[PDB]
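Participant: A single structure is presented below for examination.
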Amino acid sequence: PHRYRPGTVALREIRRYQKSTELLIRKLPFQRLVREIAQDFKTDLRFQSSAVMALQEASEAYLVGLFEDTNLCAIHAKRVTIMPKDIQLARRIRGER
Amino acid sequence: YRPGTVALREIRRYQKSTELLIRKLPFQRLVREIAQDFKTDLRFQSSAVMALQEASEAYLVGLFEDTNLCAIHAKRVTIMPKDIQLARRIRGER
Amino acid sequence: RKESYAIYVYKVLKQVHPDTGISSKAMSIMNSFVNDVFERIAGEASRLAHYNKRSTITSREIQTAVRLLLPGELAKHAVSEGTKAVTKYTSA
Amino acid sequence: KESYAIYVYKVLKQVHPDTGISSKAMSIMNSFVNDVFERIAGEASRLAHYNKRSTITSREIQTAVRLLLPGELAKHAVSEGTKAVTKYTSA
Amino acid sequence: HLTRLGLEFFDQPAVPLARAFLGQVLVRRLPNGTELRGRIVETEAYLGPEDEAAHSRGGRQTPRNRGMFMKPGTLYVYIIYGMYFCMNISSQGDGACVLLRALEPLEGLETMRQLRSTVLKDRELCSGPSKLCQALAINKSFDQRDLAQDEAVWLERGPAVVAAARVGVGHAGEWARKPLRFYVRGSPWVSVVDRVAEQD
Amino acid sequence: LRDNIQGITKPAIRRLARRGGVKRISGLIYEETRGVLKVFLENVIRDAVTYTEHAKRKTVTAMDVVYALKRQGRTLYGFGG
Amino acid sequence: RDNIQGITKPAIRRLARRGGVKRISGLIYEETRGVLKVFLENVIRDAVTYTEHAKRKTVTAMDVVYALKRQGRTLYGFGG
Amino acid sequence: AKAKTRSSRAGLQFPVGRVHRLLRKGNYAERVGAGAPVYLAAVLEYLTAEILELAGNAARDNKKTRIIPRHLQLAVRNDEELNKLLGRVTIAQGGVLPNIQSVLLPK
Amino acid sequence: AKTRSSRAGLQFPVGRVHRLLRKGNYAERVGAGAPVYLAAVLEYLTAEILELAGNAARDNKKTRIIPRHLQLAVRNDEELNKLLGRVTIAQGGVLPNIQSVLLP
DNA sequence: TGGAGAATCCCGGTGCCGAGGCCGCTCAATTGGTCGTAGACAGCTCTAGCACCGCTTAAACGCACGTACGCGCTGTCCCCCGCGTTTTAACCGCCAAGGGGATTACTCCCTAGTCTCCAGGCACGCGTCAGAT
DNA sequence: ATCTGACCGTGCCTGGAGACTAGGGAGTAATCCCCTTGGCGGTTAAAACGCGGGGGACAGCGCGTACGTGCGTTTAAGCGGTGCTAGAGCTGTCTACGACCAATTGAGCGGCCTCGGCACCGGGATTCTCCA
């Protein structure tokens, strides 16, 4: 069979996802996560569907920006893979703690 | 002394200090030189130049803190221009 | 009745690109952009009027707010367009 | 000009009676009070415009304090403000 | 003369001498040849280290305040953070003294009216210690001198008492609000009055 | 409602990372990323619920989330404005 | 007229030693002079805009405080 | 006595009157002048035209006729002045620009 | 003639806060409990800052607080460092914090 | 170097549902006129900014030397990527329903506005006391 | 042992507080309809798991050199003092610009209908990647 070398599928996934605009997290686990976090603040709430979509777009954009900064942190250490150290350093420079 | 011994003494001295580590009159001349390109025949209050000095000192000290953590992240104890560029890009200025 | 900058953005779009339409979500994006730029410029003009002890927002306050917010070439072109509009409004 | 100097001095003398404040630290406290005032009043103004209400009452100030301050500080600030408003209304 | 008090009466503690310090006529013979004949209406007392507002709190041994423990009843004119003066006589103990606050003269109004102006109503002309210190010709040269020498300032015995809280000290401490200052009741020429303390 | 943070799967974080230009991913990214997401949402919707508590409503609207994002310097276009 | 060189090399070393830095490479100095020039250019341009609107010719400290508040770098202690 | 719109007097397409009403009932100042809505309408019209021209060019580059939010994201993030005006915003359904660092591409 | 600062048990001016709310163009109308609430919140915040600053000056054996003590008070407490995060203090310095890899 | 195999591109045809124009009507922008005060304009005061002058003196500077440190190379092994297979459950479609947001009517109490006045609060003075060095 | 930046009296002044009126913005309740939670079920796409193996993370070693440290010269900041005047800051005066009101009228918004741009499908040409 055909056996792609490690990296090529990762690059083609980078092309495919950066070309598209569709939201990557499944909508129903994100909806349950939003409702589970909202259960800790006010019990028996309800959400508009546009509110959960707004939270999903914000969370996806934030995670993509954090993964960009994490990637440049990992390239700064002369590596290719990303570590939790890179996420921690990126969040400390951005101020989020 | 051995290298790195006097440096840690300078760090412990200057972090306990309060006063402005950048020199007042060359900074004032640089402020005049920058503001010359915007409006001709400007004037500056002394409190304005001291305010700019305090803001610039705090900004550079925070930038060098982030530069130091970028340098420690790369298994180094020496900071380099790539560390300044990385910290400034993650902040969002570049 | 919900007010929005829909037909005005249609008119500017047909003026700069006569054979190009637009979608509903892009109306949402451009309407939010116009509202955010309006809030930013108006809040800066409010701060400018409060700083120099004035009670009136004039074209000078919006001019200095546009100079404060927008980056260089965009700010210069915005000031040129605004002063052209104000001179045309006063003269006619 | 008008400053919060004497009131900050009274707050100092209540919390630490054998303690003084320099001139620059008093200026820093004046700037801090004005900055927190502007933040809370701006959030109350935004919450007045969002709910289409033309009055800033204690409810908007309470939720502006709850938005603008971190957790334990926000809880204690809400408690102190509620105590002051209830004592002022009772009197 | 005969109406001059001696050391047998001035050697007293703070509170029992201050209770017997109402209506006394403090007379300074300024060298023009006239006298003021002014009667006191209110005084202040400092018992010692118990009061936090005293200048000798907690056994202070400053080189300026040194003549009070040598002998009781010591003359003491002293500035208040600048050029305004105040009038004080000490007592036996540490930190115990009594300060003179407000006077009412009966004659010589024009001389102190001219000397005050270094618009001129007599109600606010001497309603305070710094006003009478600029009316009785009080300077800094009355510190190392007693009360029974030559022809200088002395006391004369002239012809209800309400204890009032301190005014102008702020709401701080635990000893700045105790009513100990004695002032007359019903007089309409008192600078510091207490309407709530009139009912006892 | 319990243990719904595991619903954000490992391929979901991989999709978000290759959207961000990441070529290789360590195994300890995912849990760490999940924690980051929780610290985001507990900071956002805590504001939005607060906004819902001020209008005396029981429904968290989209415009409330837009206000909560604008309070944090994370302004969102396309969901009202 | 080159007053950016007046920000000396030991001044940059002092600012880094307050920042916790132990070793400094020789190319740090030109980069941080450029950094100070960019930051000071931004704050001075906004302050000069405030002075233009105030119809003054002297830049006050209040204009600098407003300029730094605009960037999100609020300074306490200068009347702010 | 024919009624002429203030936007028609100023040669503008954005509403002078609506901008004036919003400046009044937005609590910005106690008084709002006559030239301020004209100036702000001209500024908003210029910024709308500046985004829409680049978004139309981006939509023409993708062989499409109408502008979607992805084209607006490309137009904003491919112009430096518009990017630094809008540096803290999320264009919904916008995506990200295609960029990979050179150390990840194969040799 | 009782002032509203003493009517609510507050050390900050309720009237001045009310005047700055009216003249600040925040809204068309202002409430009566809103200046009292805002003055109480400001008084609590300055009490917490002054308490931590006086503690920081007492640990340094100084009886008068300077801006260094204010900086230590704000950036040694997590909540005030979160609130005053984007704010620099004139003559405040930085915290004594040395990274672990630099020490031998 | 060719070459097999997978992936992306690209042509034409289908169909759908959403953009785009038409139209009636509400309601908000515009036209005149008043009237009131905010703000432009002139003028004067005096604060503070600027330029310049010697001195001494702390800091910047250039040079010499050496050792810690960056950086390249190299070996190992571990962890992650790719891929196939199996299990899981998102998701689309449809429906019930009931809680909740929106709206309207009607008060009604709280806050704007104004007169009068009086008590806090800002400006002032400098020896010296603790306070800092 | 020695330098040094804040501490209760006084004139006055001016903004806050009590008192009264008005009117309109917010509270309260009944009613209505979108719309959001919950459930059932089939289908199929996506996640989960196991396994092999390539390749990158990481630790170690050696070497060149480049910064740290120290010392002697040098230079120009720092402090103090003098002179000069531009321009901040305030005040008086008058008038032009905007708030406000009422009548009028057209334009923008909701409803609604229609057709064409775009997503999708499918086979074939093109290119990329891995490999002996």
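Going by the structure tokens order, chains are called A, B, ..., each with residues numbered from 1, while ligands are numbered from 1 in the order shown.
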Mind dumping a table of every chain H residue within 10 Å of chain D, with the nearest atom pair and its distance in Å to one decimal, using only C-alpha atoms, sorted by chain and rising number, as a tab-separated table?
Facilitator:
```
residue	atom	partner	partner_atom	distance
H:25	CA	D:49	CA	9.4
H:26	CA	D:49	CA	7.8
H:27	CA	D:45	CA	8.9
```
Participant: Based on the selection just made, write N, CA, C and O atoms of those residues as a PDB file, in the first residue's frame.
Facilitator:
```
ATOM      1  N   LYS H  25     -28.839  61.167  21.138  1.00  0.00           N
ATOM      2  CA  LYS H  25     -29.282  60.137  22.074  1.00  0.00           C
ATOM      3  C   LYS H  25     -28.268  59.007  22.192  1.00  0.00           C
ATOM      4  O   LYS H  25     -28.603  57.829  22.102  1.00  0.00           O
ATOM      5  N   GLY H  26     -27.010  59.371  22.402  1.00  0.00           N
ATOM      6  CA  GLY H  26     -25.997  58.413  22.784  1.00  0.00           C
ATOM      7  C   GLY H  26     -25.261  58.868  24.024  1.00  0.00           C
ATOM      8  O   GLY H  26     -24.394  58.151  24.536  1.00  0.00           O
ATOM      9  N   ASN H  27     -25.624  60.062  24.502  1.00  0.00           N
ATOM     10  CA  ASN H  27     -24.993  60.752  25.632  1.00  0.00           C
ATOM     11  C   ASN H  27     -23.488  60.916  25.424  1.00  0.00           C
ATOM     12  O   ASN H  27     -22.662  60.366  26.152  1.00  0.00           O
TER      13      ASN H  27
END
```
Participant: Would you kindly return, as a list in words, each protein, DNA or RNA residue with an atom no farther than 9 Å from any atom of residue 27 of chain D, considering only C-alpha atoms (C1' of nucleotides) and excluding same-chain residues fewer than 2 positions away?
Facilitator: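 My reading of the contact set: residues 3, 5, 22, 23, 24, 25, 29, 30, 31 and 32 of chain D; 76, 77, 78, 79 and 80 of chain G.
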Participant: Starting from chain C, keep only residues with some atom at most 6 Å from an atom of chain F, counting only C-alpha atoms, and report them as a ChimeraX atom specification.
Facilitator: /C:28-29,32
Participant: Would you export the selected residues with N, CA, C and O atoms as a short mmCIF file (atom, residue, chain, number, x, y, z; two decimals), in the first residue's frame, please?
Facilitator:
```
data_model
loop_
_atom_site.label_atom_id
_atom_site.label_comp_id
_atom_site.auth_asym_id
_atom_site.auth_seq_id
_atom_site.Cartn_x
_atom_site.Cartn_y
_atom_site.Cartn_z
N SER C 28 -24.32 41.82 8.49
CA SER C 28 -24.13 41.82 9.94
C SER C 28 -22.73 42.29 10.32
O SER C 28 -22.57 43.11 11.23
N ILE C 29 -21.72 41.86 9.56
CA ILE C 29 -20.33 42.22 9.84
C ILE C 29 -20.10 43.71 9.59
O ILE C 29 -19.51 44.42 10.43
N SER C 32 -21.97 45.88 12.16
CA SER C 32 -21.23 45.91 13.41
C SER C 32 -19.96 46.76 13.30
O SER C 32 -19.59 47.43 14.27
#
```
Participant: Would you please give, as a ChimeraX atom specification, all residues of segment 3-45 of chain D that DSSP assigns to alpha helix (DSSP H) based on the backbone?
Facilitator: /D:5-15,23-45
Participant: May I have the selected residues written with C-alpha atoms, as a PDB file, in the first residue's frame?
Facilitator:
```pdb
ATOM      1  CA  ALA D   5      -6.929  64.082  49.349  1.00  0.00           C
ATOM      2  CA  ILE D   6      -8.641  64.711  52.690  1.00  0.00           C
ATOM      3  CA  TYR D   7     -10.992  61.735  52.328  1.00  0.00           C
ATOM      4  CA  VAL D   8      -8.123  59.372  51.470  1.00  0.00           C
ATOM      5  CA  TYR D   9      -6.323  60.757  54.527  1.00  0.00           C
ATOM      6  CA  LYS D  10      -9.393  60.004  56.674  1.00  0.00           C
ATOM      7  CA  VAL D  11      -9.513  56.448  55.297  1.00  0.00           C
ATOM      8  CA  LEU D  12      -5.797  56.106  56.136  1.00  0.00           C
ATOM      9  CA  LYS D  13      -6.292  57.367  59.695  1.00  0.00           C
ATOM     10  CA  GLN D  14      -9.131  54.899  60.201  1.00  0.00           C
ATOM     11  CA  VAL D  15      -7.215  51.888  58.910  1.00  0.00           C
ATOM     12  CA  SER D  23       2.568  63.802  48.349  1.00  0.00           C
ATOM     13  CA  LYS D  24       3.208  61.525  45.364  1.00  0.00           C
ATOM     14  CA  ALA D  25       1.409  58.573  46.954  1.00  0.00           C
ATOM     15  CA  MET D  26      -1.551  60.853  47.654  1.00  0.00           C
ATOM     16  CA  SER D  27      -1.492  61.841  43.973  1.00  0.00           C
ATOM     17  CA  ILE D  28      -1.483  58.139  43.049  1.00  0.00           C
ATOM     18  CA  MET D  29      -4.531  57.558  45.275  1.00  0.00           C
ATOM     19  CA  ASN D  30      -6.320  60.532  43.693  1.00  0.00           C
ATOM     20  CA  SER D  31      -5.635  59.024  40.258  1.00  0.00           C
ATOM     21  CA  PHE D  32      -6.817  55.606  41.486  1.00  0.00           C
ATOM     22  CA  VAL D  33     -10.117  56.955  42.830  1.00  0.00           C
ATOM     23  CA  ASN D  34     -10.750  58.913  39.616  1.00  0.00           C
ATOM     24  CA  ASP D  35      -9.895  55.882  37.455  1.00  0.00           C
ATOM     25  CA  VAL D  36     -12.163  53.494  39.383  1.00  0.00           C
ATOM     26  CA  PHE D  37     -14.888  56.178  39.291  1.00  0.00           C
ATOM     27  CA  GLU D  38     -14.580  56.459  35.509  1.00  0.00           C
ATOM     28  CA  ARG D  39     -14.623  52.675  35.053  1.00  0.00           C
ATOM     29  CA  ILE D  40     -17.711  52.066  37.218  1.00  0.00           C
ATOM     30  CA  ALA D  41     -19.568  55.084  35.814  1.00  0.00           C
ATOM     31  CA  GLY D  42     -18.756  54.019  32.255  1.00  0.00           C
ATOM     32  CA  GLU D  43     -20.027  50.493  32.840  1.00  0.00           C
ATOM     33  CA  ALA D  44     -23.173  51.904  34.459  1.00  0.00           C
ATOM     34  CA  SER D  45     -23.639  54.191  31.441  1.00  0.00           C
TER      35      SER D  45
END
```
Participant: Within 8 Å of chain B, which residues of chain G are there when counting only C-alpha atoms? Please give them as an mmCIF file with N, CA, C and O atoms, in the first residue's frame.
Facilitator:
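Once everything was written out, this is out03.cif:
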```cif
data_model
loop_
_atom_site.group_PDB
_atom_site.id
_atom_site.type_symbol
_atom_site.label_atom_id
_atom_site.label_comp_id
_atom_site.auth_asym_id
_atom_site.auth_seq_id
_atom_site.Cartn_x
_atom_site.Cartn_y
_atom_site.Cartn_z
ATOM 1 N N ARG G 1 21.834 65.155 13.890
ATOM 2 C CA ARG G 1 21.074 65.139 15.135
ATOM 3 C C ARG G 1 20.623 63.726 15.479
ATOM 4 O O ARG G 1 19.549 63.291 15.069
ATOM 5 N N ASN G 3 20.026 61.839 18.732
ATOM 6 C CA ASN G 3 19.856 61.772 20.174
ATOM 7 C C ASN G 3 19.383 60.408 20.656
ATOM 8 O O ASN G 3 19.255 60.212 21.867
ATOM 9 N N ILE G 4 19.122 59.468 19.745
ATOM 10 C CA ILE G 4 18.751 58.115 20.154
ATOM 11 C C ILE G 4 19.964 57.377 20.706
ATOM 12 O O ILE G 4 19.827 56.478 21.545
ATOM 13 N N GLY G 6 21.981 58.769 22.698
ATOM 14 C CA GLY G 6 22.095 59.245 24.062
ATOM 15 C C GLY G 6 21.547 58.284 25.089
ATOM 16 O O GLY G 6 21.929 58.359 26.261
ATOM 17 N N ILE G 7 20.658 57.384 24.679
ATOM 18 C CA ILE G 7 20.238 56.268 25.518
ATOM 19 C C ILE G 7 21.406 55.289 25.507
ATOM 20 O O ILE G 7 21.563 54.506 24.572
ATOM 21 N N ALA G 11 22.697 52.251 30.341
ATOM 22 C CA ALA G 11 21.308 52.520 30.707
ATOM 23 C C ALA G 11 20.401 51.359 30.321
ATOM 24 O O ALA G 11 19.502 50.976 31.084
ATOM 25 N N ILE G 12 20.637 50.780 29.143
ATOM 26 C CA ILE G 12 19.919 49.588 28.714
ATOM 27 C C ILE G 12 20.250 48.411 29.623
ATOM 28 O O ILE G 12 19.363 47.623 29.987
ATOM 29 N N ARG G 14 21.094 48.654 32.814
ATOM 30 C CA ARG G 14 20.391 48.911 34.070
ATOM 31 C C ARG G 14 18.911 48.557 33.976
ATOM 32 O O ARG G 14 18.359 47.912 34.881
ATOM 33 N N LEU G 15 18.266 48.938 32.868
ATOM 34 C CA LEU G 15 16.856 48.613 32.670
ATOM 35 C C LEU G 15 16.628 47.115 32.533
ATOM 36 O O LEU G 15 15.566 46.615 32.918
ATOM 37 N N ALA G 16 17.602 46.385 31.996
ATOM 38 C CA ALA G 16 17.465 44.938 31.926
ATOM 39 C C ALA G 16 17.729 44.265 33.269
ATOM 40 O O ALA G 16 17.098 43.251 33.583
ATOM 41 N N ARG G 17 18.669 44.791 34.062
ATOM 42 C CA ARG G 17 18.934 44.210 35.377
ATOM 43 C C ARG G 17 17.787 44.457 36.340
ATOM 44 O O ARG G 17 17.582 43.660 37.262
ATOM 45 N N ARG G 18 17.036 45.545 36.164
ATOM 46 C CA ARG G 18 15.794 45.640 36.924
ATOM 47 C C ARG G 18 14.758 44.652 36.395
ATOM 48 O O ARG G 18 13.956 44.115 37.168
ATOM 49 N N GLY G 19 14.819 44.321 35.112
ATOM 50 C CA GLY G 19 13.912 43.344 34.548
ATOM 51 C C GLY G 19 14.254 41.894 34.797
ATOM 52 O O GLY G 19 13.532 41.011 34.327
ATOM 53 N N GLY G 20 15.335 41.608 35.515
ATOM 54 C CA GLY G 20 15.713 40.248 35.827
ATOM 55 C C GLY G 20 16.692 39.613 34.868
ATOM 56 O O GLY G 20 17.016 38.432 35.036
ATOM 57 N N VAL G 21 17.178 40.353 33.874
ATOM 58 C CA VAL G 21 18.084 39.795 32.881
ATOM 59 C C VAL G 21 19.474 39.647 33.480
ATOM 60 O O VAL G 21 19.950 40.523 34.209
ATOM 61 N N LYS G 22 20.131 38.527 33.191
ATOM 62 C CA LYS G 22 21.473 38.251 33.685
ATOM 63 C C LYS G 22 22.556 38.472 32.638
ATOM 64 O O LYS G 22 23.610 39.027 32.956
ATOM 65 N N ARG G 23 22.322 38.059 31.397
ATOM 66 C CA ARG G 23 23.264 38.256 30.305
ATOM 67 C C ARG G 23 22.599 38.963 29.136
ATOM 68 O O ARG G 23 21.428 38.722 28.833
ATOM 69 N N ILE G 24 23.367 39.824 28.477
ATOM 70 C CA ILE G 24 22.880 40.711 27.432
ATOM 71 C C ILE G 24 23.775 40.534 26.217
ATOM 72 O O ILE G 24 25.000 40.661 26.323
ATOM 73 N N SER G 25 23.178 40.244 25.067
ATOM 74 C CA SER G 25 23.951 40.174 23.840
ATOM 75 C C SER G 25 24.206 41.572 23.292
ATOM 76 O O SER G 25 23.504 42.532 23.609
ATOM 77 N N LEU G 27 23.768 42.867 20.405
ATOM 78 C CA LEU G 27 22.797 43.410 19.470
ATOM 79 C C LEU G 27 21.480 43.769 20.143
ATOM 80 O O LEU G 27 20.511 44.090 19.452
ATOM 81 N N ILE G 28 21.425 43.715 21.475
ATOM 82 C CA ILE G 28 20.228 44.120 22.204
ATOM 83 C C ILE G 28 20.019 45.625 22.093
ATOM 84 O O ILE G 28 18.884 46.098 21.948
ATOM 85 N N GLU G 31 18.328 47.326 18.982
ATOM 86 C CA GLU G 31 16.940 46.882 18.941
ATOM 87 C C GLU G 31 16.091 47.590 19.986
ATOM 88 O O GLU G 31 14.976 48.033 19.689
ATOM 89 N N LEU G 36 12.225 51.798 21.953
ATOM 90 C CA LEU G 36 11.919 53.038 22.660
ATOM 91 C C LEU G 36 11.496 54.129 21.690
ATOM 92 O O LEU G 36 10.603 54.925 22.001
ATOM 93 N N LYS G 37 12.124 54.179 20.510
ATOM 94 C CA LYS G 37 11.771 55.185 19.514
ATOM 95 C C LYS G 37 10.347 54.997 19.013
ATOM 96 O O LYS G 37 9.602 55.974 18.886
ATOM 97 N N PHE G 39 7.785 53.381 20.611
ATOM 98 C CA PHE G 39 6.839 53.636 21.699
ATOM 99 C C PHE G 39 6.711 55.127 21.995
ATOM 100 O O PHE G 39 5.595 55.658 22.145
ATOM 101 N N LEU G 40 7.847 55.821 22.052
ATOM 102 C CA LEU G 40 7.856 57.245 22.327
ATOM 103 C C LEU G 40 7.245 58.030 21.179
ATOM 104 O O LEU G 40 6.577 59.038 21.421
ATOM 105 N N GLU G 41 7.423 57.559 19.939
ATOM 106 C CA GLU G 41 6.788 58.190 18.789
ATOM 107 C C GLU G 41 5.273 58.102 18.874
ATOM 108 O O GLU G 41 4.579 59.092 18.611
ATOM 109 N N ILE G 44 4.056 60.369 21.926
ATOM 110 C CA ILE G 44 4.282 61.778 21.628
ATOM 111 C C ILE G 44 3.349 62.260 20.522
ATOM 112 O O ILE G 44 2.840 63.385 20.586
ATOM 113 N N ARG G 45 3.061 61.414 19.523
ATOM 114 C CA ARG G 45 2.127 61.811 18.470
ATOM 115 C C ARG G 45 0.714 62.005 19.009
ATOM 116 O O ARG G 45 0.043 62.989 18.657
ATOM 117 N N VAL G 48 0.767 65.284 21.103
ATOM 118 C CA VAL G 48 0.777 66.450 20.229
ATOM 119 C C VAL G 48 -0.593 66.659 19.589
ATOM 120 O O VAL G 48 -1.021 67.804 19.409
ATOM 121 N N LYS G 57 0.629 75.511 22.725
ATOM 122 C CA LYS G 57 1.926 75.185 22.164
ATOM 123 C C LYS G 57 2.844 74.516 23.168
ATOM 124 O O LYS G 57 3.970 74.156 22.810
ATOM 125 N N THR G 58 2.404 74.336 24.407
ATOM 126 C CA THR G 58 3.161 73.600 25.405
ATOM 127 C C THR G 58 2.462 72.280 25.680
ATOM 128 O O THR G 58 1.281 72.261 26.035
ATOM 129 N N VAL G 59 3.194 71.186 25.521
ATOM 130 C CA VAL G 59 2.667 69.861 25.812
ATOM 131 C C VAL G 59 2.660 69.670 27.322
ATOM 132 O O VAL G 59 3.714 69.666 27.963
ATOM 133 N N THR G 60 1.474 69.528 27.893
ATOM 134 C CA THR G 60 1.336 69.329 29.323
ATOM 135 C C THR G 60 1.466 67.852 29.673
ATOM 136 O O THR G 60 1.449 66.974 28.808
ATOM 137 N N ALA G 61 1.607 67.583 30.972
ATOM 138 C CA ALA G 61 1.687 66.207 31.440
ATOM 139 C C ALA G 61 0.342 65.515 31.349
ATOM 140 O O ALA G 61 0.280 64.281 31.257
ATOM 141 N N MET G 62 -0.739 66.293 31.371
ATOM 142 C CA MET G 62 -2.073 65.726 31.271
ATOM 143 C C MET G 62 -2.313 65.148 29.886
ATOM 144 O O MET G 62 -2.992 64.125 29.749
ATOM 145 N N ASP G 63 -1.737 65.778 28.858
ATOM 146 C CA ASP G 63 -1.816 65.253 27.500
ATOM 147 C C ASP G 63 -1.073 63.929 27.370
ATOM 148 O O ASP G 63 -1.540 63.018 26.679
ATOM 149 N N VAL G 64 0.076 63.803 28.034
ATOM 150 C CA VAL G 64 0.818 62.546 28.029
ATOM 151 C C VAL G 64 0.046 61.462 28.771
ATOM 152 O O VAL G 64 0.018 60.301 28.343
ATOM 153 N N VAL G 65 -0.606 61.825 29.880
ATOM 154 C CA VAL G 65 -1.398 60.859 30.637
ATOM 155 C C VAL G 65 -2.599 60.388 29.818
ATOM 156 O O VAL G 65 -2.919 59.191 29.793
ATOM 157 N N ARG G 73 -1.967 52.112 28.796
ATOM 158 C CA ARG G 73 -0.757 52.121 29.615
ATOM 159 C C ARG G 73 -0.843 53.205 30.674
ATOM 160 O O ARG G 73 0.013 54.087 30.755
ATOM 161 N N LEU G 75 -0.854 55.761 33.581
ATOM 162 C CA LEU G 75 0.164 56.211 34.517
ATOM 163 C C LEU G 75 -0.505 56.921 35.681
ATOM 164 O O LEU G 75 -1.232 57.899 35.478
ATOM 165 N N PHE G 78 0.518 61.646 37.995
ATOM 166 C CA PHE G 78 0.739 62.887 37.269
ATOM 167 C C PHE G 78 -0.577 63.612 37.043
ATOM 168 O O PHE G 78 -0.800 64.228 36.000
#
```
Participant: Write out as a ChimeraX atom specification each polymer residue whose atoms come within 9 Å of segment 74-87 of chain I, counting only C-alpha atoms (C1' of nucleotides); drop sequence neighbours fewer than 6 positions from it.
Facilitator: /A:95 /D:68-73 /G:69,72-76 /I:49,52-53,94-95
Participant: Could you write out, as a list in words, all the residues of segment 3-91 of chain C that DSSP marks as strand (DSSP E or B)?
Facilitator: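 In segment 3-91 of chain C, DSSP puts these residues in strand (DSSP E or B): residues 21, 22, 56 and 57 of chain C.
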